[PDB]
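Below is data-v9.cif, holding mmCIF, C-alpha atoms.
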data_model
#
loop_
_atom_site.group_PDB
_atom_site.id
_atom_site.type_symbol
_atom_site.label_atom_id
_atom_site.label_comp_id
_atom_site.auth_asym_id
_atom_site.auth_seq_id
_atom_site.Cartn_x
_atom_site.Cartn_y
_atom_site.Cartn_z
ATOM 1 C CA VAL S 1 0.000 0.000 0.000
ATOM 2 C CA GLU S 2 2.572 2.659 1.026
ATOM 3 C CA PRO S 3 4.469 2.776 -2.299
ATOM 4 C CA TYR S 4 1.095 3.424 -3.977
ATOM 5 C CA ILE S 5 0.406 6.340 -1.627
ATOM 6 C CA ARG S 6 3.810 7.562 -2.790
ATOM 7 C CA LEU S 7 3.007 7.322 -6.517
ATOM 8 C CA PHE S 8 -0.429 8.875 -6.006
ATOM 9 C CA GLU S 9 0.732 11.847 -3.934
ATOM 10 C CA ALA S 10 3.365 12.650 -6.542
ATOM 11 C CA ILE S 11 0.564 13.602 -8.956
ATOM 12 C CA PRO S 12 0.985 17.371 -9.262
ATOM 13 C CA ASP S 13 -1.812 19.389 -7.622
ATOM 14 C CA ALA S 14 -4.087 22.028 -9.141
ATOM 15 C CA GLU S 15 -6.727 24.450 -7.857
ATOM 16 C CA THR S 16 -10.033 23.096 -9.192
ATOM 17 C CA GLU S 17 -13.443 21.970 -8.047
ATOM 18 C CA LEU S 18 -13.666 18.640 -6.242
ATOM 19 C CA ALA S 19 -14.961 15.891 -8.500
ATOM 20 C CA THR S 20 -17.663 13.437 -7.399
ATOM 21 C CA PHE S 21 -16.194 9.965 -7.933
ATOM 22 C CA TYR S 22 -17.990 6.893 -9.205
ATOM 23 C CA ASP S 23 -18.469 4.521 -6.265
ATOM 24 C CA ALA S 24 -18.696 1.265 -8.222
ATOM 25 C CA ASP S 25 -20.211 -1.718 -6.414
ATOM 26 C CA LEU S 26 -21.399 -5.325 -6.736
ATOM 27 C CA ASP S 27 -24.682 -3.740 -7.855
ATOM 28 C CA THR S 28 -23.121 -1.667 -10.644
ATOM 29 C CA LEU S 29 -21.065 -2.112 -13.814
ATOM 30 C CA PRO S 30 -17.384 -1.922 -13.038
ATOM 31 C CA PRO S 31 -15.680 0.955 -14.865
ATOM 32 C CA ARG S 32 -13.002 0.403 -17.520
ATOM 33 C CA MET S 33 -9.751 -0.709 -15.894
ATOM 34 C CA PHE S 34 -6.273 -0.323 -17.349
ATOM 35 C CA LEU S 35 -2.912 -1.870 -16.403
ATOM 36 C CA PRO S 36 0.164 0.424 -16.091
ATOM 37 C CA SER S 37 1.104 -0.531 -19.677
ATOM 38 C CA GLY S 38 -2.142 0.953 -20.960
ATOM 39 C CA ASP S 39 -3.631 -2.464 -21.670
ATOM 40 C CA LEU S 40 -7.327 -2.972 -20.935
ATOM 41 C CA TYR S 41 -7.946 -5.216 -17.939
ATOM 42 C CA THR S 42 -11.227 -7.127 -18.129
ATOM 43 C CA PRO S 43 -12.508 -8.237 -14.687
ATOM 44 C CA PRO S 44 -14.426 -11.549 -14.340
ATOM 45 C CA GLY S 45 -17.060 -9.774 -12.250
ATOM 46 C CA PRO S 46 -17.914 -6.470 -10.520
ATOM 47 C CA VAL S 47 -15.668 -4.467 -8.228
ATOM 48 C CA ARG S 48 -15.871 -2.554 -4.964
ATOM 49 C CA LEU S 49 -13.692 0.448 -4.155
ATOM 50 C CA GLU S 50 -12.067 1.634 -0.957
ATOM 51 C CA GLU S 51 -10.788 5.193 -1.005
ATOM 52 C CA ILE S 52 -7.365 5.644 0.563
ATOM 53 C CA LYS S 53 -6.447 9.215 -0.358
ATOM 54 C CA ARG S 54 -8.134 11.923 -2.428
ATOM 55 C CA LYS S 55 -7.155 14.742 -4.786
ATOM 56 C CA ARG S 56 -9.665 17.202 -6.233
ATOM 57 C CA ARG S 57 -9.683 15.419 -9.611
ATOM 58 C CA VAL S 58 -8.178 11.997 -8.768
ATOM 59 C CA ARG S 59 -8.306 9.605 -5.834
ATOM 60 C CA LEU S 60 -6.371 6.531 -4.721
ATOM 61 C CA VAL S 61 -8.433 3.383 -4.213
ATOM 62 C CA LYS S 62 -8.073 -0.232 -3.285
ATOM 63 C CA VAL S 63 -10.003 -2.162 -5.918
ATOM 64 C CA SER S 64 -11.605 -5.449 -4.846
ATOM 65 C CA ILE S 65 -12.364 -7.698 -7.792
ATOM 66 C CA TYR S 66 -15.263 -10.203 -7.524
ATOM 67 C CA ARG S 67 -16.631 -13.377 -9.009
ATOM 68 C CA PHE S 68 -20.354 -14.159 -8.611
ATOM 69 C CA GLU S 69 -21.281 -17.372 -6.772
ATOM 70 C CA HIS S 70 -24.186 -19.678 -5.870
ATOM 71 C CA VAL S 71 -25.238 -18.638 -2.341
ATOM 72 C CA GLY S 72 -28.451 -19.266 -0.474
ATOM 73 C CA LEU S 73 -31.344 -19.675 -2.909
ATOM 74 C CA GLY S 74 -29.860 -17.117 -5.225
ATOM 75 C CA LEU S 75 -26.559 -15.653 -6.208
ATOM 76 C CA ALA S 76 -24.288 -12.933 -4.890
ATOM 77 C CA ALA S 77 -20.698 -11.738 -5.333
ATOM 78 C CA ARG S 78 -17.716 -13.083 -3.338
ATOM 79 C CA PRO S 79 -13.951 -12.009 -3.784
ATOM 80 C CA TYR S 80 -11.307 -12.835 -6.517
ATOM 81 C CA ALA S 81 -8.392 -10.348 -6.911
ATOM 82 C CA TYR S 82 -7.249 -6.915 -5.678
ATOM 83 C CA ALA S 83 -5.236 -3.992 -7.052
ATOM 84 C CA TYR S 84 -4.317 -0.515 -5.993
ATOM 85 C CA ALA S 85 -5.271 2.119 -8.496
ATOM 86 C CA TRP S 86 -5.999 5.772 -9.099
ATOM 87 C CA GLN S 87 -9.419 6.793 -10.360
ATOM 88 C CA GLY S 88 -10.236 9.937 -12.330
ATOM 89 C CA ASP S 89 -13.317 12.021 -13.053
ATOM 90 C CA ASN S 90 -14.583 9.754 -15.860
ATOM 91 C CA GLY S 91 -14.603 7.002 -13.237
ATOM 92 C CA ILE S 92 -11.819 5.075 -14.998
ATOM 93 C CA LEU S 93 -9.475 2.857 -12.936
ATOM 94 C CA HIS S 94 -5.743 3.061 -13.634
ATOM 95 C CA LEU S 95 -4.096 0.074 -11.999
ATOM 96 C CA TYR S 96 -0.603 0.437 -10.512
ATOM 97 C CA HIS S 97 0.060 -3.274 -11.008
ATOM 98 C CA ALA S 98 -1.558 -6.394 -12.398
ATOM 99 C CA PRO S 99 -4.283 -7.609 -9.964
ATOM 100 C CA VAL S 100 -3.186 -10.055 -7.272
ATOM 101 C CA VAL S 101 -5.344 -13.176 -7.510
ATOM 102 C CA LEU S 102 -6.557 -14.327 -4.089
ATOM 103 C CA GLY V 1 16.941 31.708 -33.023
ATOM 104 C CA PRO V 2 15.619 34.573 -30.911
ATOM 105 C CA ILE V 3 13.082 33.510 -28.333
ATOM 106 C CA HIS V 4 10.044 32.342 -30.251
ATOM 107 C CA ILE V 5 7.098 31.624 -27.950
ATOM 108 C CA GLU V 6 4.375 29.250 -29.105
ATOM 109 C CA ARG V 7 0.766 29.323 -27.933
ATOM 110 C CA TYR V 8 -1.193 26.054 -27.847
ATOM 111 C CA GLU V 9 -4.964 26.051 -27.233
ATOM 112 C CA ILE V 10 -7.800 23.539 -26.691
ATOM 113 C CA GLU V 11 -11.506 23.986 -26.015
ATOM 114 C CA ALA V 12 -13.890 21.544 -24.340
ATOM 115 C CA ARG V 13 -17.352 22.180 -25.762
ATOM 116 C CA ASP V 14 -20.959 20.991 -25.346
ATOM 117 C CA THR V 15 -21.880 18.349 -27.920
ATOM 118 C CA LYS V 16 -25.020 16.478 -29.070
ATOM 119 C CA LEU V 17 -23.334 13.298 -27.820
ATOM 120 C CA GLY V 18 -22.556 14.943 -24.467
ATOM 121 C CA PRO V 19 -19.855 17.241 -23.024
ATOM 122 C CA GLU V 20 -16.147 17.181 -23.851
ATOM 123 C CA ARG V 21 -14.045 17.503 -20.706
ATOM 124 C CA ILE V 22 -10.523 18.637 -19.817
ATOM 125 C CA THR V 23 -9.143 15.937 -17.559
ATOM 126 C CA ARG V 24 -6.277 13.641 -16.627
ATOM 127 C CA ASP V 25 -8.558 10.590 -16.697
ATOM 128 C CA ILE V 26 -7.828 9.340 -20.211
ATOM 129 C CA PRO V 27 -8.126 5.644 -21.330
ATOM 130 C CA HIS V 28 -5.516 3.306 -22.994
ATOM 131 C CA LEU V 29 -2.615 5.519 -21.903
ATOM 132 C CA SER V 30 0.592 4.312 -20.254
ATOM 133 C CA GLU V 31 1.749 5.953 -17.012
ATOM 134 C CA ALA V 32 4.701 7.493 -18.853
ATOM 135 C CA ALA V 33 2.352 9.365 -21.194
ATOM 136 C CA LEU V 34 0.507 10.798 -18.190
ATOM 137 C CA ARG V 35 3.690 11.508 -16.186
ATOM 138 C CA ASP V 36 3.944 15.316 -16.596
ATOM 139 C CA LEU V 37 0.231 16.109 -16.289
ATOM 140 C CA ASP V 38 -1.179 17.853 -13.214
ATOM 141 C CA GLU V 39 -4.334 16.439 -11.572
ATOM 142 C CA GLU V 40 -6.473 18.449 -13.991
ATOM 143 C CA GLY V 41 -4.735 16.871 -16.984
ATOM 144 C CA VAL V 42 -2.863 20.091 -17.768
ATOM 145 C CA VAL V 43 0.866 19.689 -18.394
ATOM 146 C CA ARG V 44 3.062 21.008 -15.562
ATOM 147 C CA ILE V 45 5.215 24.143 -15.825
ATOM 148 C CA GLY V 46 8.902 23.414 -16.353
ATOM 149 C CA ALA V 47 8.348 20.273 -18.408
ATOM 150 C CA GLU V 48 10.087 19.374 -21.653
ATOM 151 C CA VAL V 49 7.566 18.459 -24.357
ATOM 152 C CA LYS V 50 8.212 16.427 -27.546
ATOM 153 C CA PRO V 51 6.112 15.716 -30.651
ATOM 154 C CA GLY V 52 3.198 13.458 -29.694
ATOM 155 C CA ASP V 53 3.343 14.440 -26.012
ATOM 156 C CA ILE V 54 0.198 15.638 -24.251
ATOM 157 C CA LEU V 55 -0.175 19.299 -23.295
ATOM 158 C CA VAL V 56 -3.816 19.131 -22.189
ATOM 159 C CA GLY V 57 -5.836 15.968 -21.536
ATOM 160 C CA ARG V 58 -9.304 15.816 -23.095
ATOM 161 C CA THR V 59 -11.995 13.176 -23.477
ATOM 162 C CA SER V 60 -14.973 13.156 -25.773
ATOM 163 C CA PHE V 61 -17.951 10.886 -25.867
ATOM 164 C CA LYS V 62 -17.904 8.337 -28.667
ATOM 165 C CA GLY V 63 -20.069 5.465 -29.780
ATOM 166 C CA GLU V 64 -23.708 5.175 -28.613
ATOM 167 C CA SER V 65 -24.461 2.398 -31.139
ATOM 168 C CA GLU V 66 -27.562 0.375 -30.179
ATOM 169 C CA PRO V 67 -26.884 -2.166 -27.459
ATOM 170 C CA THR V 68 -26.111 -5.827 -28.127
ATOM 171 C CA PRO V 69 -28.556 -8.431 -26.883
ATOM 172 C CA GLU V 70 -25.909 -9.228 -24.267
ATOM 173 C CA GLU V 71 -25.568 -5.638 -23.064
ATOM 174 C CA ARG V 72 -29.362 -5.495 -22.613
ATOM 175 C CA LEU V 73 -29.631 -8.636 -20.536
ATOM 176 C CA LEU V 74 -27.159 -7.010 -18.142
ATOM 177 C CA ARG V 75 -28.810 -3.577 -18.474
ATOM 178 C CA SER V 76 -31.371 -4.949 -16.047
ATOM 179 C CA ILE V 77 -29.381 -7.107 -13.527
ATOM 180 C CA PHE V 78 -25.868 -5.599 -13.079
ATOM 181 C CA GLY V 79 -27.191 -2.022 -13.276
ATOM 182 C CA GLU V 80 -28.219 0.447 -16.009
ATOM 183 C CA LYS V 81 -25.589 0.784 -18.745
ATOM 184 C CA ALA V 82 -22.898 3.479 -18.975
ATOM 185 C CA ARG V 83 -20.926 5.369 -21.699
ATOM 186 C CA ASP V 84 -17.573 5.191 -23.571
ATOM 187 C CA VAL V 85 -15.045 8.024 -23.990
ATOM 188 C CA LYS V 86 -12.067 8.424 -26.318
ATOM 189 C CA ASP V 87 -8.771 10.329 -26.009
ATOM 190 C CA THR V 88 -9.103 13.629 -27.861
ATOM 191 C CA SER V 89 -6.190 15.296 -26.099
ATOM 192 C CA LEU V 90 -4.086 18.284 -27.201
ATOM 193 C CA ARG V 91 -0.737 16.846 -28.356
ATOM 194 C CA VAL V 92 2.525 18.522 -29.419
ATOM 195 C CA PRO V 93 2.606 18.752 -33.258
ATOM 196 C CA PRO V 94 5.327 17.173 -35.440
ATOM 197 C CA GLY V 95 8.532 19.204 -35.562
ATOM 198 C CA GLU V 96 7.773 21.214 -32.427
ATOM 199 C CA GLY V 97 8.476 21.064 -28.692
ATOM 200 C CA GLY V 98 10.441 22.669 -25.878
ATOM 201 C CA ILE V 99 9.771 23.688 -22.280
ATOM 202 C CA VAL V 100 6.354 24.594 -20.822
ATOM 203 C CA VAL V 101 6.576 28.139 -19.403
ATOM 204 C CA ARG V 102 2.989 29.032 -18.625
ATOM 205 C CA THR V 103 -0.536 27.712 -18.635
ATOM 206 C CA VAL V 104 -3.892 29.482 -18.605
ATOM 207 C CA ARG V 105 -7.206 27.816 -17.847
ATOM 208 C CA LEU V 106 -10.636 29.434 -18.060
ATOM 209 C CA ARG V 107 -14.064 27.980 -17.219
ATOM 210 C CA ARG V 108 -17.485 29.064 -18.533
ATOM 211 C CA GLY V 109 -19.479 30.872 -15.869
ATOM 212 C CA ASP V 110 -16.546 32.121 -13.825
ATOM 213 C CA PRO V 111 -16.667 35.872 -13.029
ATOM 214 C CA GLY V 112 -15.602 38.027 -15.991
ATOM 215 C CA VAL V 113 -15.024 35.052 -18.291
ATOM 216 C CA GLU V 114 -16.541 35.103 -21.790
ATOM 217 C CA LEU V 115 -16.008 32.048 -23.983
ATOM 218 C CA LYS V 116 -17.306 31.174 -27.465
ATOM 219 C CA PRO V 117 -20.875 29.786 -27.678
ATOM 220 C CA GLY V 118 -20.766 26.096 -26.744
ATOM 221 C CA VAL V 119 -17.398 26.177 -24.953
ATOM 222 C CA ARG V 120 -17.355 24.901 -21.352
ATOM 223 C CA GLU V 121 -13.650 25.507 -20.737
ATOM 224 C CA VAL V 122 -10.438 26.534 -22.491
ATOM 225 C CA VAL V 123 -6.790 25.887 -21.689
ATOM 226 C CA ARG V 124 -3.696 27.466 -23.209
ATOM 227 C CA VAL V 125 -0.115 26.185 -22.903
ATOM 228 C CA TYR V 126 2.985 28.273 -23.729
ATOM 229 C CA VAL V 127 6.276 26.609 -24.767
ATOM 230 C CA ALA V 128 9.822 27.877 -25.532
ATOM 231 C CA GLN V 129 11.580 27.196 -28.849
#
Can you present the structure in this file as structure tokens?
Amino acid sequence: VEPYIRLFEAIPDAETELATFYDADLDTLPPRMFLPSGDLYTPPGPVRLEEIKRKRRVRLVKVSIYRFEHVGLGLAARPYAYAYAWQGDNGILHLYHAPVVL
Amino acid sequence: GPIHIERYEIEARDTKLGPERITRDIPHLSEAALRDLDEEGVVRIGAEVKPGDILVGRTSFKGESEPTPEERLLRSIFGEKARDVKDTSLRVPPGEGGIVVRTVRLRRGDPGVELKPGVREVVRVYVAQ
């Protein structure tokens, strides 16, 4: 986590309005996610975000990547992989590393 | 040659497909390409710029083709759909470049600001050469 706080906080600052970020969830479509190479990363299910630090136009998040399962008499999402990322004002996730599979 | 100061400019305007936006949050771009951009997507003062490098990040709405049968099935269960953007950033032209020495950013509706009809915001970048 700490080296990702380092990378994030090194984004140069600017006086602007605060953005409202997209709080993606098991209920919602995950946003487009990209690896540090620029390659599209396609998740096998939805994601949940945990904000770590925030900048007016970008924030740092922990991205939890899920895989839907058979539970009870229905289905719901349980965990698969995680990645630290920054998110911008189009809601896009920029991963700092390939997702760690749990 | 004697100091020759360039002036680069980009406007984000309202569109029938939805608003263009100045931003850092641009898809399919490697970290290196985003390296010198402030949090607003505007290139930082004191930065060398080379042909193809970004001065001002911008995204526009693309696409809106009718949904696939797949993307409709989901459109009920996983949540209502959402929309795709493309990189339409201001990039240093071929045969140019140098050091960023100033930036100017204006937003429609700020006090005293008068932009062209349709324009939400405008950014200018000045570079040495």
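The environment of region 61-74 of chain S within 8 Å, counting only C-alpha atoms and disregarding residues fewer than 5 places along the same chain, consists of residues 26, 43, 44, 45, 46, 47, 48, 49, 50, 51, 52, 53, 79, 80, 81, 82, 83, 84, 85, 86 and 87 of chain S.
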Can you pull out every residue within 7 Å of residue 92 (chain V), counting all atoms listed in the file, but drop anything in the same chain fewer than 5 positions away, and send it as a PDB file with C-alpha atoms, in the frame of the given file?
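Generated file (result.pdb):
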ATOM      1  CA  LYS V  50       8.212  16.427 -27.546  1.00  0.00           C
ATOM      2  CA  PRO V  51       6.112  15.716 -30.651  1.00  0.00           C
ATOM      3  CA  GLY V  52       3.198  13.458 -29.694  1.00  0.00           C
ATOM      4  CA  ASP V  53       3.343  14.440 -26.012  1.00  0.00           C
ATOM      5  CA  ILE V  54       0.198  15.638 -24.251  1.00  0.00           C
ATOM      6  CA  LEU V  55      -0.175  19.299 -23.295  1.00  0.00           C
ATOM      7  CA  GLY V  97       8.476  21.064 -28.692  1.00  0.00           C
TER       8      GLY V  97
END
(request) Excluding residue 35 (chain V) and residues on its chain fewer than 3 positions from it, collect all residues at most 12 Å away from it, counting all atoms listed in the file, and give them as a ChimeraX atom specification. (result) /S:7-8,10-12,36 /V:24,29-32,38-39,41-44,47-49,53-55,57
Just C-alpha atoms for this one: save the residues we selected as a compact mmCIF listing (two decimals), keeping the file's coordinate frame.
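Heads up, here's the output in result38.txt:
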# COMPACT_ATOMS: atom_id res chain seq x y z
CA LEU S 7 3.01 7.32 -6.52
CA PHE S 8 -0.43 8.88 -6.01
CA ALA S 10 3.36 12.65 -6.54
CA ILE S 11 0.56 13.60 -8.96
CA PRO S 12 0.98 17.37 -9.26
CA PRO S 36 0.16 0.42 -16.09
CA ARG V 24 -6.28 13.64 -16.63
CA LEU V 29 -2.62 5.52 -21.90
CA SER V 30 0.59 4.31 -20.25
CA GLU V 31 1.75 5.95 -17.01
CA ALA V 32 4.70 7.49 -18.85
CA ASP V 38 -1.18 17.85 -13.21
CA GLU V 39 -4.33 16.44 -11.57
CA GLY V 41 -4.74 16.87 -16.98
CA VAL V 42 -2.86 20.09 -17.77
CA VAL V 43 0.87 19.69 -18.39
CA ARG V 44 3.06 21.01 -15.56
CA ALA V 47 8.35 20.27 -18.41
CA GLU V 48 10.09 19.37 -21.65
CA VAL V 49 7.57 18.46 -24.36
CA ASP V 53 3.34 14.44 -26.01
CA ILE V 54 0.20 15.64 -24.25
CA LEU V 55 -0.18 19.30 -23.30
CA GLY V 57 -5.84 15.97 -21.54
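Nearest-residue note for chain V: choosing from S:102, S:75, S:19, S:92, the minimum distance belongs to S:92, counting all atoms listed in the file.
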(message) Using only C-alpha atoms and a distance of at most 7 Å, pull out the residues of chain S that contact chain V, as a PyMOL selection string.
(response) chain S and resi 11-14+27-29+34+36-40+57-58+88-90+92
(request) Could you please determine the separation between CA of residue 11 (chain V) and CA of residue 120 (chain V) in Å, to one decimal place? (result) 7.5 Å
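Omitting residue 12 (chain V) and its sequence neighbours fewer than 5 positions away, and counting only C-alpha atoms, the residues within 12 Å are residues 18, 19, 20, 21, 22, 23, 56, 57, 58, 59, 60, 61, 88, 89, 90, 105, 106, 107, 108, 115, 116, 117, 118, 119, 120, 121, 122, 123 and 124 of chain V.
The spacing separating CA of residue 100 (chain V) from CA of residue 8 (chain V) amounts to 10.4 Å.
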(request) Take CA of residue 95 (chain S) and CA of residue 63 (chain V) and report the distance between them in Å, one decimal. (result) 24.5 Å
